[PDB]
Number of protein chains: 8
Amino acid sequence: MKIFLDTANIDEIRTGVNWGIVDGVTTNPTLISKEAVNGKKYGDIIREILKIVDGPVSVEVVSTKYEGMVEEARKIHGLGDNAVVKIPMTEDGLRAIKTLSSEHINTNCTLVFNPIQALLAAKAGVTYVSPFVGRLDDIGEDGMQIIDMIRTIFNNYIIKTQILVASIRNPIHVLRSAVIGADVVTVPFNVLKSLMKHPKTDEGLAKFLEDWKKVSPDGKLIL
Amino acid sequence: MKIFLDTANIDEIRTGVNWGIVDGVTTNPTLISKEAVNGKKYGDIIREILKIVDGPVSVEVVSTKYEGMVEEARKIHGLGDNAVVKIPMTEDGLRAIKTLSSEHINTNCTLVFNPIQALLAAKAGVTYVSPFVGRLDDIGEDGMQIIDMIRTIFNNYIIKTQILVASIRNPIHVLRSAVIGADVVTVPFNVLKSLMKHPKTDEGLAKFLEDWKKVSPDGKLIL
Amino acid sequence: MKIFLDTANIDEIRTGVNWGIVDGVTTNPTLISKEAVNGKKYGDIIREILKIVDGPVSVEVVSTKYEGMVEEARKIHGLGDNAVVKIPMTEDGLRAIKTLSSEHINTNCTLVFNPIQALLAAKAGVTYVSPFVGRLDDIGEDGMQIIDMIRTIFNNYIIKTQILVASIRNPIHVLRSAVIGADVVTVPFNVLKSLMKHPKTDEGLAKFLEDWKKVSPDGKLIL
Amino acid sequence: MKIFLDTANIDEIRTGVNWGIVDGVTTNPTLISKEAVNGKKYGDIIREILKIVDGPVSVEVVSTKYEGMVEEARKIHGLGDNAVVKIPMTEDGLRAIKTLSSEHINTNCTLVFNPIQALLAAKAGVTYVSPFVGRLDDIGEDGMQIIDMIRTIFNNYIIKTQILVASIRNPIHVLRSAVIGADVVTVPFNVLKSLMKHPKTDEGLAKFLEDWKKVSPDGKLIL
Amino acid sequence: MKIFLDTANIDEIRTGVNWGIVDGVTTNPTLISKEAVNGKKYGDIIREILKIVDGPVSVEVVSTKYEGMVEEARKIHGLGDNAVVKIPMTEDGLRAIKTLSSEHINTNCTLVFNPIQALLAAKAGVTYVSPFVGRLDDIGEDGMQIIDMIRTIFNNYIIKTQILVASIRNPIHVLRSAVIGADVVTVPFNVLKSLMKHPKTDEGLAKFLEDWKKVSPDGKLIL
Amino acid sequence: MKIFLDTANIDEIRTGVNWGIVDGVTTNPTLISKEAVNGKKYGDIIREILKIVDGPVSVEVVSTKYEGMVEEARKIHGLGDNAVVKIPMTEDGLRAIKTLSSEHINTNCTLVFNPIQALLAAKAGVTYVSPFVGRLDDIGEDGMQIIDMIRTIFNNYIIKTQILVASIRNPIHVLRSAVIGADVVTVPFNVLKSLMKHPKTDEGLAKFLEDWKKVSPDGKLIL
Amino acid sequence: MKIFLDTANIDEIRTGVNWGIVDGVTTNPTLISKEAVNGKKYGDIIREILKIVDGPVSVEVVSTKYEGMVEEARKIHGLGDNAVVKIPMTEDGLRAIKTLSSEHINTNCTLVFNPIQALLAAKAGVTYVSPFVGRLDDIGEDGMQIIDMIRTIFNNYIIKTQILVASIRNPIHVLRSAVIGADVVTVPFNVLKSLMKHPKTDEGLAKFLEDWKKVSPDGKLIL
Amino acid sequence: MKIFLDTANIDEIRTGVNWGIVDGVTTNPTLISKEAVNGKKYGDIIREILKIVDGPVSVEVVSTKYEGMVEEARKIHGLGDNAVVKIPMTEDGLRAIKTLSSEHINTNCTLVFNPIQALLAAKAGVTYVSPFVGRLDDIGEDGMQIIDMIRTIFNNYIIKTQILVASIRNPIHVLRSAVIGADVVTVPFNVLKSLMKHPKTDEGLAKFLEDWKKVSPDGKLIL
Ligand SMILES: *[C@@H](CO)[C@@H](O)[C@H](O)[C@H](O)COP(=O)(O)O
Ligand SMILES: *[C@@H](CO)[C@@H](O)[C@H](O)[C@H](O)COP(=O)(O)O
Ligand SMILES: *[C@@H](CO)[C@@H](O)[C@H](O)[C@H](O)COP(=O)(O)O
Ligand SMILES: *[C@@H](CO)[C@@H](O)[C@H](O)[C@H](O)COP(=O)(O)O
Ligand SMILES: *[C@@H](CO)[C@@H](O)[C@H](O)[C@H](O)COP(=O)(O)O
Ligand SMILES: *[C@@H](CO)[C@@H](O)[C@H](O)[C@H](O)COP(=O)(O)O
Ligand SMILES: *[C@@H](CO)[C@@H](O)[C@H](O)[C@H](O)COP(=O)(O)O
Ligand SMILES: *[C@@H](CO)[C@@H](O)[C@H](O)[C@H](O)COP(=O)(O)O
């Protein structure tokens with residue numbers, strides 16, 4: 001399972017990249033607009049993320065019509081080979097996806113909330129599809145069930161579109177995605193940092209350290 | 001999973017095809033005769049649909065006897081290479097499918113209501129088999145269960161007949177078909193149009209566009 | 001399981017009532033406004049339905065604010081002891097339900113789409129809660145799964161609110177409701193009439209009558 | 001589980017009753033037509049069964065209309081206290097059951113092929129409902145699955161109508177009925193006879209006899 | 001669960017009874033005739049077992065006809081109040097059980113090989129029913145499954161006939177019977193003797209006694 | 001799944017073959033005795049079936065001893081390449097199958113009633129094994145459960161012997177066989193006929209015809 | 001699944017071998033010492049069994065120490081290429097297995113009572129591992145559960161050691177072994193003979209032969 | 001499944017190695033510090049284990065910072081080609097593993113307590129990952145569940161990192177690990193010795209020996 005970071009915050013991205021556990025980044029119009037304040041320009045934010053991240057970087061078109069989507073998509077693609085164009089699940093978007101796919105431009109279909117929307121995006125040739133589990137949880141439906149169904153459907157038809165679990169809110173979304181077999185999760189920075197941690201790791205490390213000092217007061221391993 | 005449109009209404013068909021999500025069309029004598037009114041001829045309706053749709057188009061014979069079915073089948077085949085001959089599940093129908101298969105004429109066995117009828121159709125060499133889930137629902141039996149058994153039976157024997165789920169009434173027939181692994185669903189226009197939609201898609205798009213205006217008054221993405 | 005009719009059509013109501021199988025009626029502002037045409041007044045329609053139907057008749061308030069809802073509820077209540085006041089799942093609706101329940105006015109909480117909404121309506125003292133299965137099916141979620149969870153939750157806490165399955169579209173919503181153990185279903189007229197029917201019932205009756213004529217030429221049963 | 005004999009053959013009935021294993025009898029117009037030949041009159045056959053059998057005896061009305069059904073039902077009831085009036089699952093049939101129930105005349109709703117028909121019959125106050133398992137098997141649906149659903153539905157609502165499994169064709173219909181918990185099975189004579197038998201019972205008997213001969217040549221147990 | 005000893009060997013019976021774990025005894029014509037050799041009379045063997053065992057003692061009739069079975073049954077009953085009359089699962093046997101039950105003579109229906117035979121025996125009013133699990137194992141069917149179905153059937157109908165598992169060959173028949181909830185098992189002496197034993201019991205006792213000697217050379221517990 | 005006809009009636013065989021749905025035929029000494037009446041000779045009946053049927057035709061030996069079985073088997077094989085020699089599950093039968101297998105004569109082991117008998121037949125190299133589901137149903141055991149176990153065992157060991165389900169009595173034996181994945185079912189003619197039929201197929205046909213009349217009074221499809 | 005005979009009795013071995021159903025033989029020091037009576041020598045018995053049985057013949061070492069086991073194993077091996085050396089699950093036994101496996105001497109690890117014992121034997125390179133199901137049943141644990149776990153463990157690691165189910169007591173140990181997918185069962189003679197038998201096979205053969213005599217008075221099959 | 005010894009005690013390791021059942025060794029700073037007393041130097045201890053054990057030996061770094069971990073790992077590596085460098089699940093630890101993996105130094109990520117930590121370790125390229133089952137048991141969580149999830153996750157993604165079950169406390173951790181399919185278990189000496197033993201093995205050997213004495217007073221096997 002690949003792990004992407006779901007943010008437009010450059011500091012967060014730089015840190016996660018520096019940890020070596022980030023395989024890519026997702027953005028969306030809300031996340032970018034949060035960061036493009038106090039003289040910060042969105043064009044600069046996007047270019048900076050593309051430069052810092054080796055992996056796929058998803059950038060969302062803002063037009064709602066086919067022609068505008070395809071034109072924006074081409075500009076996003078021109079910004080770098082790791083750019084992936086994020087396109088909403090709408091009639092115009094499926095059309096754009098079909099065109100872009102034939103032009104060999106990688107795509108990510110977003111705002112997906114059920115498995116049949118996901119199947120339609122796959123049939124358009126989308127590179128990634130992004131179901132929003134946390135927004136389903138928000139409305140009282142267990143969003144991970146939709147991921148499970150999408151995994152079964154894609155398996156049934158040997159679908160090559162990657163399932164990119166998005167709207168992730170906690171480490172159990174992550175654990176369940178892995179057990180299901182989702183291709184990718186994209187996680188907010190707070191969730192990312194928690195994934196490596198466990199109180200028994202900390203306690204175990206401390207005890208080992210303590211016991212080692214019994215035989216090596218300096219606390220080092222001399223071999 | 002292929003998605004076919006189940007109608008003879010040419011306006012619905014043009015619209016569905018323009019959306020890019022329609023892989024084919026199914027008709028039947030009721031659907032055609034609905035449109036073949038007020039001067040409009042059934043011969044014209046059938047030809048027009050064949051011209052419009054790139055994918056398979058199922059057209060049903062009306063004869064109930066072997067020789068008549070085969071004669072009509074061959075006329076249907078002659079109207080275009082994408083024509084598929086719909087043949088009912090009867091003794092004469094199984095005979096006709098077996099002959100037409102040997103003549104390399106694609107066939108669709110219809111009016112199937114249990115898994116053994118579907119197996120017989122596959123043994124006759126039919127290209128598609130069409131079990132009717134909504135008409136079983138109508139008589140108080142969950143029609144989707146028959147689709148599940150057919151998928152199992154076909155998997156057991158490596159059967160190459162495609163399961164074409166028909167008499168579809170709602171998007172959950174479609175979802176369950178995909179999870180089962182049916183090869184094709186054929187859906188009425190109303191159902192078709194709902195498949196791309198979800199209220200959280202609409203709401204999410206609105207929010208993205210409101211947030212974007214904050215950093216781009218004109219609402220565009222200049223890259 | 002009680003069976004209500006979901007319509008404001010007096011002819012459908014009179015017909016179903018004469019069948020002896022209708023235990024009540026549910027209406028809503030759309031169903032009523034459909035029938036208040038050609039000079040037909042909504043006040044007359046409502047009174048006429050109350051008169052014809054011995055069982056509970058749900059009538060929806062139209063105000064969206066607490067004070068208006070309770071004022072309308074009290075007027076609805078005064079139309080006959082079989083009137084049930086239908087109130088939507090909103091903040092003010094819950095406040096209204098709690099007030100009306102204390103006044104011993106029967107209530108039906110409507111526009112419920114998940115089990116926690118239903119639980120909150122029950123906690124407010126509502127008489128019936130109406131989850132909308134068909135509208136969930138419309139958006140690619142199996143609506144019956146919500147009924148099953150509500151049944152379990154209500155059983156856990158010995159909740160006396162009745163589950164009234166609404167937005168019913170076919171006889172399998174009805175079958176599944178009964179197997180789950182929902183208290184009530186409300187069904188459109190087309191669905192209601194279909195519930196008694198089965199082709200083997202027809203075929204079986206025909207054969208019995210044929211066989212009887214062999215021993216009783218006039219088809220009589222004289223004892 | 002009660003066991004009824006499904007026949008109008010007087011010799012079968014006397015024999016089964018005299019096995020001590022038969023708790024009642026079901027007839028229908030076909031079964032009676034079979035016996036009422038060569039001068040034998042249906043009225044005499046019906047009286048004789050009522051006479052010989054202590055348990056319930058179901059006799060079916062032939063009228064298809066409400067008034068005729070109720071008239072014939074009252075005549076059937078008049079022939080003896082053990083008479084149960086068989087009424088088909090139709091609109092008129094349900095109305096008749098409701099009337100007859102209020103008159104304290106026992107009723108058995110027949111020609112039932114799905115669980116919701118069975119529920120409607122129960123809601124009309126019927127004493128027994130009779131789903132036809134064998135005739136569902138005939139059309140490629142496992143009829144015992146409808147018995148299982150009806151048992152669950154009736155348990156859910158604490159329904160007092162008895163489930164009377166009919167159209168029984170083999171001893172496995174009988175076994176599965178008992179494991180499900182159906183109230184009654186009605187069985188043809190040849191199936192009845194088979195229920196007592198097993199090859200290992202026969203072999204075990206023969207061996208006990210052979211071993212006993214060694215200790216007692218005359219095969220008696222003298223105590 | 002009652003545990004009966006399945007033998008006519010008087011030495012085995014005295015031993016088992018002295019252990020305190022034998023609640024009753026079952027015999028059959030083979031078991032008795034095995035012991036009734038070299039001068040020993042079957043009448044004497046039967047009487048001696050009745051005297052020795054406080055609990056129920058099953059003794060099988062040899063007659064195959066109703067009148068003879070009943071005559072023998074009554075003689076068996078007269079030998080002592082703890083006598084239980086074993087009657088085979090045959091047409092005449094069911095008749096005999098029904099008569100003997102009305103005479104308050106306890107009965108045990110034997111040579112039962114499926115759950116429907118067991119149900120018929122219970123309907124005749126039998127005190128115990130004895131399905132033969134080992135003889136089903138002998139013919140390649142897992143006999144315990146029949147016990148499981150019988151327990152379910154009896155639970156469904158609140159049947160008071162006790163399930164007496166017979167033809168027991170090993171301690172896993174006994175364990176599975178207990179987990180199922182059979183009322184009684186009857187076991188051959190060899191199987192009986194193994195039930196109390198386990199190698200870890202033996203080893204644990206040895207260790208306890210070795211450890212105790214360390215604080216009590218004489219190996220006693222002076223309190 | 002292959003479908004064979006289980007009969008020796010030549011009219012049935014010709015009719016089924018001429019439906020195109022029959023892949024072979026099974027006979028046995030009873031079925032043949034039925035036809036070999038009024039001067040009709042068994043040798044002529046067997047030759048005629050071999051002649052008319054392109055697929056396998058099973059013919060059963062009558063000798064009960066190894067030498068007679070092998071002698072008769074070689075004669076049966078000599079009548080045509082499609083002949084399959086039916087051999088019962090006995091000690092001599094297994095020896096015969098082994099010999100005949102080494103001679104490249106196809107064999108079908110019959111009178112199989114549990115999964116281990118089926119395994120022994122497979123180990124002897126038999127071409128088909130025929131478990132008798134209906135005869136197990138007769139003695140109160142669900143015979144389809146043995147087919148399920150045999151399918152699992154044969155899958156486990158990659159066994160090439162084909163499972164040929166026999167003693168079929170109804171269409172549900174057929175459905176369950178297909179869902180399990182049995183290689184072949186052999187069915188009596190009346191069961192064969194029933195497999196193609198369904199009331200909704202008939203009703204659907206009638207309605208299509210009625211609707212088509214409106215657009216084409218003569219009921220033709222002129223293209 | 002291979003079937004071995006578990007005995008040292010030459011008559012049983014010769015009989016089973018002549019049946020064609022025995023694939024090998026297992027012995028152990030108890031079985032051999034049973035047969036080495038009346039001046040019969042264990043060396044002669046072993047050689048005679050090796051001579052009669054074409055398949056694997058397991059012969060157990062008697063030394064408890066590593067050096068003695070390997071010395072005895074090498075002598076066993078020299079008696080014929082079909083000899084398999086049976087070695088107990090002990091520390092020295094595992095060491096011996098590892099040594100012998102390297103020398104390409106086939107081995108069978110015996111006295112195995114749990115799945116981890118079996119895994120350790122496999123890790124030492126053993127040819128067969130023999131878990132003792134009947135001896136577990138003796139102590140109140142279902143021995144077949146250990147076979148199932150060993151099958152799963154061996155499948156997980158693609159282990160080539162064969163599971164040889166031993167201490168078999170009845171035909172259900174055999175049936176369950178086949179369903180689990182054990183490689184071999186070894187069975188006492190009484191069990192082996194029972195595997196071919198079933199009362200419905202006998203009854204069925206008798207009826208066929210009776211029916212045939214109606215058309216062939218001499219009971220012949222002349223073709 | 002590979003089996004490692006979890007200890008730094010040379011006496012235990014030499015014993016396990018001599019038994020032939022030990023495939024490698026794990027140590028940690030606590031285990032080493034326990035042995036490095038009364039004049040024993042941790043450096044001699046590590047070297048001695050490396051020498052005695054043919055297979056992988058895991059030795060943990062003590063540094064908590066990236067540079068120090070990588071330096072220590074290289075020293076550890078240099079001590080012998082069978083050295084595996086144990087590195088804790090921390091930020092610097094994952095960085096170290098990635099660097100060491102690129103240097104072809106085998107790594108083992110320790111102090112893992114949930115499946116997502118295990119996945120992160122795998123993603124860094126670690127050779128083995130060691131979840132601590134016993135320490136989860138200590139805090140009231142069944143540690144084996146985490147192993148099951150890791151197995152599923154690794155299977156989903158065809159992950160080559162080996163699952164090394166650690167903190168093992170009893171033989172059922174070992175059994176469950178094998179049933180799950182973990183790649184390796186590492187076990188304390190007391191557990192390891194227990195794995196070969198079972199009381200029925202001891203009992204069975206004793207009996208075999210007693211019976212062989214009957215045939216060969218001196219207990220030898222002369223062939
Ligand atoms: C794009 C799809 O990969 C992502 O940036 C998604 O928009 C976010 O994961 C959505 O999360 P929220 O529900 O927190 O907006
Ligand atoms: C042909 C078979 O694929 C289709 O046109 C079917 O006839 C319809 O799908 C049947 O649907 P209705 O039950 O709604 O007529
Ligand atoms: C009131 C709640 O019982 C009912 O009238 C509901 O509004 C309808 O059942 C809604 O159904 P639709 O989704 O078909 O409007
Ligand atoms: C009445 C209902 O209890 C019965 O006589 C039923 O009509 C028969 O059981 C129906 O069986 P068939 O399908 O064999 O007519
Ligand atoms: C009487 C019924 O409880 C018993 O004695 C049975 O006859 C035996 O239990 C039958 O056992 P076998 O199959 O071992 O004879
Ligand atoms: C041969 C095996 O393929 C078949 O003819 C079987 O004998 C019959 O199918 C047995 O069926 P019955 O139980 O009806 O004789
Ligand atoms: C050797 C291992 O295959 C066999 O001879 C076993 O020793 C026997 O199967 C043991 O059976 P018992 O528990 O009946 O002695
Ligand atoms: C290293 C594998 O990472 C091992 O030595 C583990 O530290 C031990 O297996 C941990 O066991 P405890 O929980 O008993 O310390």
# chains A, B, ... in the order shown; residues from 1 in each chain; ligands from 1
$ interface_residues --of "chain C" --to "chain F" --cutoff "12 Å" --atoms "only C-alpha atoms" --output "NGL selection string"
:C and (198-204)
$ residues_around --residues "stretch 172-174 of chain H" --least-positions-apart "2" --cutoff "8 Å" --atoms "only C-alpha atoms" --output "list in words"
residues 116 of chain G; 133, 144, 168, 169, 170, 176, 177, 178 and 185 of chain H
$ select_by_dssp --residues "stretch 173-217 of chain B" --states "strand (DSSP E or B)" --output "MDAnalysis selection string"
chainID B and resid 184:187
$ residues_near_ligand --ligand "ligand 4" --cutoff "9 Å" --atoms "only C-alpha atoms and all ligand atoms" --output "VMD selection string"
(chain C and resid 204 208) or (chain D and resid 4 to 8 25 to 31 58 to 60 86 108 to 112 128 to 136 164 to 169 185 to 188)
$ atom_distance --atom1 "atom CA of residue E:51" --atom2 "atom CA of residue E:24"
11.8 Å
$ residues_around --residues "residue E:66" --least-positions-apart "4" --cutoff "8 Å" --atoms "only C-alpha atoms" --output "VMD selection string"
chain E and resid 70 92 to 93 95 to 96
$ select_by_dssp --residues "stretch 39-223 of chain E" --states "helix (DSSP H, G or I)" --output "ChimeraX atom specification"
/E:42-52,66-77,91-102,115-123,133-138,144-157,171-180,189-194,199-213
$ residues_around --residues "residue D:115" --least-positions-apart "6" --cutoff "8 Å" --atoms "only C-alpha atoms" --output "JSON list (two decimals) with N, CA and C atoms, in the first residue's frame"
[["chain", "number", "residue", "atom", "x", "y", "z"],
["B", 140, "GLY", "N", -42.11, -11.45, -5.46],
["B", 140, "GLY", "CA", -41.77, -11.68, -4.05],
["B", 140, "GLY", "C", -40.57, -12.59, -3.83],
["C", 175, "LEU", "N", -40.79, -7.68, 1.70],
["C", 175, "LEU", "CA", -40.29, -8.97, 2.20],
["C", 175, "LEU", "C", -39.13, -8.78, 3.21],
["D", 146, "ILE", "N", -38.71, -20.64, 1.33],
["D", 146, "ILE", "CA", -39.87, -19.83, 1.65],
["D", 146, "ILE", "C", -40.44, -20.23, 3.03],
["D", 147, "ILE", "N", -40.40, -21.53, 3.35],
["D", 147, "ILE", "CA", -40.87, -21.98, 4.68],
["D", 147, "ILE", "C", -39.99, -21.36, 5.76],
["D", 149, "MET", "N", -38.29, -18.54, 5.65],
["D", 149, "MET", "CA", -38.61, -17.11, 5.82],
["D", 149, "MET", "C", -39.93, -16.90, 6.53],
["D", 150, "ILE", "N", -40.93, -17.73, 6.21],
["D", 150, "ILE", "CA", -42.24, -17.56, 6.84],
["D", 150, "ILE", "C", -42.07, -17.86, 8.32]]
$ atom_distance --atom1 "atom CA of residue A:20" --atom2 "atom CA of residue H:120"
10.3 Å
$ closest_residue --among "H:91, H:72, H:138, H:12" --to "ligand 8" --atoms "only C-alpha atoms and all ligand atoms"
H:138
$ residues_around --residues "residue A:63" --least-positions-apart "2" --cutoff "8 Å" --atoms "only C-alpha atoms" --output "VMD selection string"
(chain A and resid 61 65 to 66 68 to 69 72) or (chain B and resid 220 to 221)
$ residues_around --residues "residue G:152" --least-positions-apart "6" --cutoff "9 Å" --atoms "only C-alpha atoms" --output "list in words"
residues 178, 179, 180 and 181 of chain H
$ write_last_selection --atoms "C-alpha atoms" --output "short mmCIF file (atom, residue, chain, number, x, y, z; two decimals), in the first residue's frame"
data_model
loop_
_atom_site.label_atom_id
_atom_site.label_comp_id
_atom_site.auth_asym_id
_atom_site.auth_seq_id
_atom_site.Cartn_x
_atom_site.Cartn_y
_atom_site.Cartn_z
CA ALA H 178 1.92 -21.82 12.14
CA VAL H 179 -1.83 -21.97 11.38
CA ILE H 180 -1.76 -18.28 10.42
CA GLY H 181 1.35 -18.86 8.29
#
